[PDB]
Every structure is written in C-alpha cells, then in structure tokens.
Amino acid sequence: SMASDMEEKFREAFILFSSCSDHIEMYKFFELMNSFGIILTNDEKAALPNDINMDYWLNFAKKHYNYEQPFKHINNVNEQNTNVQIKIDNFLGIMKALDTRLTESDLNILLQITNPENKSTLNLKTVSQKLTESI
C-alpha cells in the first residue's frame, strides 16, 4: 500500500535523524516529521510522548503523511503568494530572512534539486514536485 511502501523511507529517516539510536531527541523529531512535510498544531505537540521510538514514529508517520500532496505546506503559501517565478536571489532572500538552519552551501543543494539548470524562473509548485520526486 502507499502506507506500507512509505514504511521503508520512514524507517531510513528515523535512523538518519536519531543517528541510529532507539530514542530520538524531540528537536530531531520535529525535523524528522517536517522532512516528510508534516506539521502539528501546538495542541497535537502537547500529546507527543518525550520518549519516541521507531514504532511510535511509524504509526505517527502513516497517519499524518499526506499521500496525495506530501509537501502541501509549500503550496499553501501559494494561496498567500500565487504561483510566481521568484528570482533565484529573491528566493534566497526569503530563506535567510525567515530564521533558517540552511547555509548557502545547503541553498545550492536546494537549487541542485529544484532549478535544476534553468537558473531563471522558480515556482513553489516545481520545488514541492522536485522535493517529492527525491523522497
């Protein structure tokens, strides 16, 4: 099933973000779920256990993942700012402005998955499509 075929990628990602531990630190669990486009409300966060293991993650992921639009939250800004070809510079400006953990080198990896070589026009619907393709 869509769910069972994701379980491989969910297991891989828990191992990568926990550095192959049994239990994953909370700040790392937020990155882990965000990496598959999942965002909770503060009320859902309050119900999370502090001791998170692989099995919790796998049930959490199978329920909260959006099978049809994994990166909906990227295209939900399109309701705010409609599909526009942001300048490669203007898009870097939007990223470094909002507090971000991604370096210019990490920005190049983002450019390396999304542009790929056009180096001209980038709409948020390609970057969501490119990022789903590389799951």
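The first residue of the sequence shown is number 1, and the count goes up from there.
Mean CA B-factor, 3-11 versus 126-134: the higher value falls on 126-134.
In this crystal structure, the stretch out of 80-88 and 65-73 whose C-alpha atoms carry the higher mean B factor is 80-88. Annotation for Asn50, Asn59, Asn53, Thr100: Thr100 ranks highest, by Cα B-factor.
When the modelled residues of the chain are ordered by C-alpha B-factor, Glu31 sits in the lowest third. When all modelled residues of the chain are sorted by CA temperature factor, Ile38 is found within the lowest third.
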